[PDB]
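The structure appears below as structure tokens.
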Amino acid sequence: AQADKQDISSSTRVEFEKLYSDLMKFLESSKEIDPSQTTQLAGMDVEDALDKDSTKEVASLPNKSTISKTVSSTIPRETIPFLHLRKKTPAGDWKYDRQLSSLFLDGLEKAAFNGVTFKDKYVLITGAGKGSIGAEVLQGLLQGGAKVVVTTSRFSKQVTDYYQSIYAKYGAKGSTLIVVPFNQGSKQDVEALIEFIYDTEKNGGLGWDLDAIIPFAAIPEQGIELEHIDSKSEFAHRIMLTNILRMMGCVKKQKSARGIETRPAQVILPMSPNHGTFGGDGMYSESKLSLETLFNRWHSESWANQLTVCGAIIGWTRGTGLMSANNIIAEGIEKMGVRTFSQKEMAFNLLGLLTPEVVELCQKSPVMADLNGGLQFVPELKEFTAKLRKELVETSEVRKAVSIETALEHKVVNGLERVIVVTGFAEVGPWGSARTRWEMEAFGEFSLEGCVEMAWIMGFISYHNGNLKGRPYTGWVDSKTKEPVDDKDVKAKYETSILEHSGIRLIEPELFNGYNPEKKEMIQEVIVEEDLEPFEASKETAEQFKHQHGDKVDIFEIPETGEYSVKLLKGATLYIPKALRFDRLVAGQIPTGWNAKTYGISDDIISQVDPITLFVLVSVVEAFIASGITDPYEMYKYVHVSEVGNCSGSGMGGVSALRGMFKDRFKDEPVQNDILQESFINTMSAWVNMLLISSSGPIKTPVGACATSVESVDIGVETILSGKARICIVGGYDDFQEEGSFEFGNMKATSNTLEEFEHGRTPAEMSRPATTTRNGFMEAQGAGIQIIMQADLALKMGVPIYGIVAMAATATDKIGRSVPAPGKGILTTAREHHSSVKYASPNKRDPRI
Amino acid sequence: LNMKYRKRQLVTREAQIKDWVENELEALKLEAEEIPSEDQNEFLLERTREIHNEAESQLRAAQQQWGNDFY
């Protein structure tokens, strides 16, 4: 609806787009159309206080890429085309047989305007991603509709998201995207690689046919003349030619195993016209010349109906991240002998070398093609290449030399009432306050005023450094790292990279070393007994001997009276100790945290209440400043009978010392007797009652576990739907314990590493919903609280307010033979019940809704 | 009915409960004095400030439904 000015124009383009969508709806598999205003080269020798500029002009006579064919068409001087398609000259080399070359020109002319699809081409890539050519070769093949799979030399989180952007950015209607790490060298692996890409789905997967191939190489190998045939450059000389030669044969050997041999496969080969031509190259040149044996080899060696060779001479392209010497001149080359192509989108032409009307011609014959933009028409490339820079590097320098001596010369001479709202909310999750993670759901960055909140927690800063008495004189900043690095540690420009990742990469896995209380998880203390017959006579301290005597009866271990001492010891064949055993646990390391929990909180309550109860205790104050209402005594100035109050705290665990009561008691570790009050599930709210705001009104406390803390809202909102109570407070926390895991995953739910390691290492990931790699969700320690008010006292002297209450659970109405069974219609189908007796017209009980 | 209706909120109740505010004023207006004039304001401040509660009880009771319990 038109109230926003943009919205009308938005609506204008919408129907414009919608029609463009509707017209092309269910059409072909889109384009290859890289409609970006292609530039050229922009070198600019700055006169004054700067040197060489960079690049990216705008290119005169271009704009649309339609022109970019035509510009690349009629090349300069004695030329056929800038990029040509030659032929093996029936006696000689690669003469520009313009006959067949016309079609490639035409196919390029067929591009831009007409969309260029590539649906169902079955392609595979060796070369890199973000660095160079293949990403362009990737991208158009996505919008070509092609079924594509890709390798990578590296393997990281940094590359995994990288392609994950692109399939969400360029993957068309029918394209398929799957990645895999792959070392090009160490040639044994490609047999497993060629396995997996022709394997049936009852094997590793990907039942494809692989009908095009691009093997783009690596390893720059710079600055080496002839007499050095040295190390891994030699190994690099293998991986430019040997393995890729050993690649394409077993493709056919896999293909002719099935015998689908009247459907061939493309191979496009990166050729180089400049061999014996550049400088400190080493093995790179004559390795590139090795590819040309295939032209004779494609005839007369029985694989021609399977492999479709069409090489690519391409070179001298900017867009330098790697492999591109001279990110500098690009312009005198297009001036002295004006010949073209110092650009970045040569691969656009290479996409045209994977289309029909061409590959069918490649089914006829291999295609040598001088795609290189007339660069061979330069006599003496290399020294003239040096000659351009050596003039340019001095003139930049000598002007940069002019101003400094000018500056050297210059410097010297001078001197209602039942609908209820939420009012203060606060959770302590894995990260910091709820205000911290609300940025962390928004961004990855921590918003420096918010980032120091992450440093106020975890004990990282040392705020309240004395308003007086800083570093030797006065002056003060909220300090950090108690007394090495107290130097002024500011909430402005500082705290970046000095409180970062070491301060950030502690809250995600390895779960700790030594927190709960130790819980190594690399070794789990699992214990076995034994009953051999050595006999020892150790030493004791008295009154242990009687429970020694009571446990194993007098036919074993007659103790003795150990005269002038306490007693004496072991007798017979002992039937004990349950010593220990080094055992390995697989499942672990989902959560972590906070590394410090003592805010301004009263000590010696942390001797007693301890384990999980700190987290709720800080939380409710954290919700009260989220309410903006400290001093909870000052609620009763809205004078009541004070009969309203307490929360409905919940959680399955909290065991945390019951393991002390069960494992450590009966193994005698000194734990307080008063732990039985702290065993139960409501005693959290009791210190929310007693050593906090202290009305003795309503308390409910359900369990709701494995999906908990939503339920206490509903029973809490029932209490204010009832007149039995006004203002209330919610349930909350889960918690994590060492007996929790392993007895987690034995029920086979939560997660399991190693198959989380071994699939994609990525320990910060750990959560893959709905892109079909789920392993359960996760587990966290967690603590969370929301408070709610009567909407009227919430109005009258405003708390303030957040939002709107929504739902109502708990009518299960189901039985089976399973626990747990997920939420099917067992829940939330009585929600939106809506029995549908015959209405055909709209307008507590309500059989309609 | 699920649209934010308010019409039947205003028509049946919010007129009928507004019918006997003046007619509930009339319900006192048969006992106008009748031996008040010594107990007039006790006859005023007891009945009038308790029939306001009945209207107020009927106010939220009508507004039980029509939105707060529309379903």
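A note on labels: chains of the structure tokens are A, B, ... as shown, every chain counts residues from 1, and ligands are counted from 1 in their shown order.
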
Inset, instruction - Would you kindly report the residues of chain B within 12 Å of chain A, using only C-alpha atoms, as a list in words? - result: residues 1, 2, 3, 4, 5, 7, 8, 60, 63, 64, 65, 66, 67, 68, 69, 70 and 71 of chain B

Legend entry - In segment 314-466 of chain A, DSSP alpha helix (DSSP H) residues written as an MDAnalysis selection string: chainID A and resid 347:352 359:364 381:413 434:440 451:456

Legend entry - Contacts of segment 17-22 of chain B at 8 Å (only C-alpha atoms; same-chain gap of 5+ positions) as a VMD selection string: chain B and resid 55 58 to 59

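With atom CA of residue 335 of chain A on one side and atom CA of residue 317 of chain A on the other, the separation reads 16.2 Å.
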
Inset, instruction - Calculate how many Å separate atom CA of residue 651 of chain A from atom CA of residue 592 of chain A, rounding to one decimal. - result: 18.8 Å

Legend entry - Nearest residue to residue 750 of chain A from the set A:481, A:561, A:589, A:722 (distances using only C-alpha atoms): A:589

Inset, instruction - Would you work out the distance separating atom CA of residue 228 of chain A from atom CA of residue 283 of chain A, expressed in Å to one decimal? - result: 9.3 Å

Legend entry - Surrounding residues of residue 43 of chain B excluding itself and chain neighbours under 5 positions, 9 Å, only C-alpha atoms, as JSON, numbers by chain: {"B": [33, 36, 48]}

Quick one: write out the picked residues with N, CA, C and O atoms as an mmCIF file, in the first residue's frame?
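Produced file result_22.cif, reproduced below:
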data_model
loop_
_atom_site.group_PDB
_atom_site.id
_atom_site.type_symbol
_atom_site.label_atom_id
_atom_site.label_comp_id
_atom_site.auth_asym_id
_atom_site.auth_seq_id
_atom_site.Cartn_x
_atom_site.Cartn_y
_atom_site.Cartn_z
ATOM 1 N N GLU B 33 -36.270 10.492 49.360
ATOM 2 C CA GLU B 33 -35.852 10.424 50.748
ATOM 3 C C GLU B 33 -36.464 9.183 51.375
ATOM 4 O O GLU B 33 -35.844 8.121 51.340
ATOM 5 N N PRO B 36 -34.762 9.133 54.757
ATOM 6 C CA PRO B 36 -33.668 10.099 54.839
ATOM 7 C C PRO B 36 -34.180 11.530 54.892
ATOM 8 O O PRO B 36 -35.392 11.738 54.994
ATOM 9 N N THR B 48 -25.215 4.204 46.104
ATOM 10 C CA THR B 48 -24.657 4.727 44.859
ATOM 11 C C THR B 48 -23.257 4.205 44.604
ATOM 12 O O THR B 48 -22.910 3.878 43.465
#

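Assigned to strand (DSSP E) in segment 133-235 of chain A, given DSSP computed from backbone atoms, are residues 147, 148, 149, 150, 176, 177, 178, 179, 212 and 213 of chain A.
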
Legend entry - All residues 10 Å or closer to residue 782 of chain A, only C-alpha atoms, same chain fewer than 5 positions away omitted, as a VMD selection string: chain A and resid 427 to 431 591 593 612 615 to 616 732 to 736

Residues of the last selection are to be written out with N, CA, C and O atoms, as a compact mmCIF listing (two decimals), in the first residue's frame.
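Result file again09.txt:
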# COMPACT_ATOMS: atom_id res chain seq x y z
N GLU A 427 19.05 -13.51 29.74
CA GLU A 427 19.56 -14.86 29.79
C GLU A 427 21.07 -14.82 29.78
O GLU A 427 21.68 -13.96 29.16
N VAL A 428 21.66 -15.74 30.54
CA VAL A 428 23.09 -16.00 30.48
C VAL A 428 23.24 -17.32 29.74
O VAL A 428 23.14 -18.41 30.32
N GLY A 429 23.45 -17.23 28.44
CA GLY A 429 23.72 -18.38 27.63
C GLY A 429 25.20 -18.68 27.59
O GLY A 429 25.94 -18.38 28.54
N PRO A 430 25.66 -19.29 26.49
CA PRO A 430 27.10 -19.55 26.33
C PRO A 430 27.87 -18.25 26.29
O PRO A 430 28.82 -18.06 27.04
N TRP A 431 27.37 -17.29 25.52
CA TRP A 431 27.99 -15.98 25.48
C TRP A 431 27.57 -15.17 26.70
O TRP A 431 27.07 -15.70 27.70
N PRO A 591 29.51 -27.33 24.62
CA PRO A 591 29.55 -25.97 25.16
C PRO A 591 30.86 -25.63 25.84
O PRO A 591 31.83 -26.40 25.84
N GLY A 593 32.31 -21.78 28.32
CA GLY A 593 31.87 -20.48 28.71
C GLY A 593 32.83 -19.45 29.26
O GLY A 593 33.80 -19.02 28.64
N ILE A 612 24.74 -24.57 39.99
CA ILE A 612 23.97 -23.90 38.95
C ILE A 612 23.34 -22.64 39.46
O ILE A 612 22.81 -21.85 38.66
N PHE A 615 23.96 -18.86 38.45
CA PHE A 615 23.55 -18.40 37.14
C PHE A 615 22.14 -17.87 37.15
O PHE A 615 21.84 -16.88 36.48
N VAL A 616 21.27 -18.49 37.93
CA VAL A 616 19.94 -17.91 38.03
C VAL A 616 19.97 -16.69 38.91
O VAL A 616 19.20 -15.75 38.68
N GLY A 732 13.09 -21.47 33.57
CA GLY A 732 14.38 -21.17 32.98
C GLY A 732 15.35 -22.29 32.67
O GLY A 732 15.04 -23.19 31.89
N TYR A 733 16.55 -22.20 33.27
CA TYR A 733 17.79 -22.92 33.00
C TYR A 733 17.68 -24.37 32.57
O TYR A 733 16.82 -25.12 33.04
N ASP A 734 18.51 -24.77 31.63
CA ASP A 734 18.99 -26.13 31.51
C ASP A 734 20.28 -26.17 32.32
O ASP A 734 20.65 -25.16 32.92
N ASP A 735 20.98 -27.31 32.34
CA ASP A 735 22.38 -27.32 32.79
C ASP A 735 23.09 -28.56 32.30
O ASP A 735 22.47 -29.57 31.97
N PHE A 736 24.42 -28.49 32.30
CA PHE A 736 25.29 -29.52 31.76
C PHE A 736 26.17 -30.09 32.86
O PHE A 736 26.77 -29.34 33.63

Legend entry - Residue neighbourhood segment 30-32 of chain B, 12 Å, only C-alpha atoms, exclusion window fewer than 5 positions, as a list in words: residues 23, 24, 25, 37, 39, 40, 41, 43, 44 and 47 of chain B
